[PDB]
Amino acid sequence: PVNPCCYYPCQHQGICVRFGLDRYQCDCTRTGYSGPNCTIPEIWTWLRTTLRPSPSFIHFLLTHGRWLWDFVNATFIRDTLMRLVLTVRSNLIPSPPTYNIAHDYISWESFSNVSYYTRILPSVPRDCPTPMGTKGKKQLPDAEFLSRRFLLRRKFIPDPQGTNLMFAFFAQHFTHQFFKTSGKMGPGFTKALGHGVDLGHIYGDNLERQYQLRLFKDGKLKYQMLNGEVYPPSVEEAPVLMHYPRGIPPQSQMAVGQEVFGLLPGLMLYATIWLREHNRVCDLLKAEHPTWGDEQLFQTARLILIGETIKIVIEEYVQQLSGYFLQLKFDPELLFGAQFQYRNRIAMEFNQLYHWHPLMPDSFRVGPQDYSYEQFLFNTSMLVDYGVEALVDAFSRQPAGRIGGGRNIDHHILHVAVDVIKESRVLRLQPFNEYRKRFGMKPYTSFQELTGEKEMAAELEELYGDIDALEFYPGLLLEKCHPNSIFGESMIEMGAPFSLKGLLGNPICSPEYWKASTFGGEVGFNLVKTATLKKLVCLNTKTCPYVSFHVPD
């Protein structure tokens, strides 16, 4: 008796539920639709539906009004739009969370067990005809083939927006504080409990490690003086676990808080900037509150970094990524009148689409030098040799590849990509088209309409057999991109709701926390309010290099 929920009969977020042996019913509660499968729009939905422009249209308004936008940016409309930009986005993610790899229904376990990642759509019923539901071929395209064929880079296609490597790392670094799939527990589980921008990739994700990195005096953090420059302390003083390859655990083998940050110079680079920043924030506080202790000084600085991060990530990171003339803005008060839940829970579908491995270049220019991957990966002395300053400069000047369009994932890391496709099935994520719907979009009606061409589209149909069978990861990466867009429509529409629900879902964003006392004094607050990328670097360096999320000129 085909599990009726294999067809995905419920629309607009209606919940499918089997009754009897072969029947089912949709819970169209608050879906704004009624009827058997939630397709009969209520009065306003109907209006909302007809008076609602396409996502692509809006993208165009946002990427064109050279003049119209300097005006709006200069007016209050800026806020109205931001506040609107928020609420609508965030409304698309359930909260409290809903499902996990264990349950495809609401459970007290899914709500309480932080270890699990959460999902937006239930998984594919584990008893459906096809691996994806009902349509498609009995077996999915060999992820090895599918990858080499379409995601493997041939000629490096750089990002039409000027996005650079100084950005690519910040991206990698930053995201790894909530992405930490527990190899031990397996996929769908996370060592990174906290789920937000708690910075458990600096101060570590367990209390000991914090105490291990923590230098218990004036709230600061441990560190070493190589060349007169400050860096993460080595394990020979910070007895904490890492993953440095079997070489020189003594010096050059630094402690950071994110075990894996030894592996690449970019991350250690950032970890250094932050570490050198935190200790810098501590200094300021100790001057303001001399009677303060170590615990405070520390905590107050941790909050000040959770702020500064959320600030930069929104007003600069997303600003550059967007290509918007509307100048994005970070001000928690914008949501104080709305109904918002200050609590985020990283989803697996988020994790999957944040696999921007194609941002990665061919080699790594660093002034006259030009290291290959072989010289760059695991290199444990590049950082301290060059000097943050000099390194920052080198990444802020080298283009980063385009994420979408297809075939742009370098050949080295191309395995990560086959893994995301392989694991994607382990998790049993519904077809691309189902995620299009669930996120307020129309399903593509052909591989033709999906891909901005006809060649790839042909091979695809031949593999998956039907558009409705396409996979989550492969789809996202093969979708046609708006010209001069770092990635396609779906990437923008699907991930923004996850990103903002996260950034603003942080407790420090709530009315309760957002006071000047939380960052001890007015000094803490202003730091969170005026944080910049340029300031994060040039404040913690000797010389002011060239830092930005886009190549100069």
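By rigid core we mean the largest C-alpha set that fits within 1.5 Å across both forms. The first residue of the sequence shown is number 1, and the count goes up from there.
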query: Stretch with greater C-alpha deviation in 4 other deposited structures of this protein, 84-92 versus 463-471 (rigid core superposition); finding: 84-92
query: Of 247-255 and 315-323, which departs more from this form in 4 other deposited structures of this protein by CA RMS after core fitting; finding: 247-255
query: Stretch with the higher entry mean CA B-factor, where the candidates are 314-322 and 445-453; finding: 445-453
query: Which of 151-159 and 166-174 has higher mean CA B factor, as the PDB entry lists it; finding: 151-159
query: Most elevated Cα B-factor in the entry, residues 348, 215, 414, 146; finding: 146
query: Among 46, 519, 513, 69 - the residue whose C-alpha B-factor is largest in the record; finding: 46
query: Among modelled residues of the same chain, the CA temperature factor third for residue 98; finding: middle
query: Residue 357 by Cα B-factor - lowest, middle or highest third of the modelled chain; finding: middle
query: Third of the chain, ranked by Cα B-factor, where residue 54 sits; finding: highest
query: Residue 497, C-alpha B-factor rank within chain (lowest, middle or highest third); finding: lowest
query: Third assignment of residue 26 from its chain's C-alpha B-factors; finding: lowest
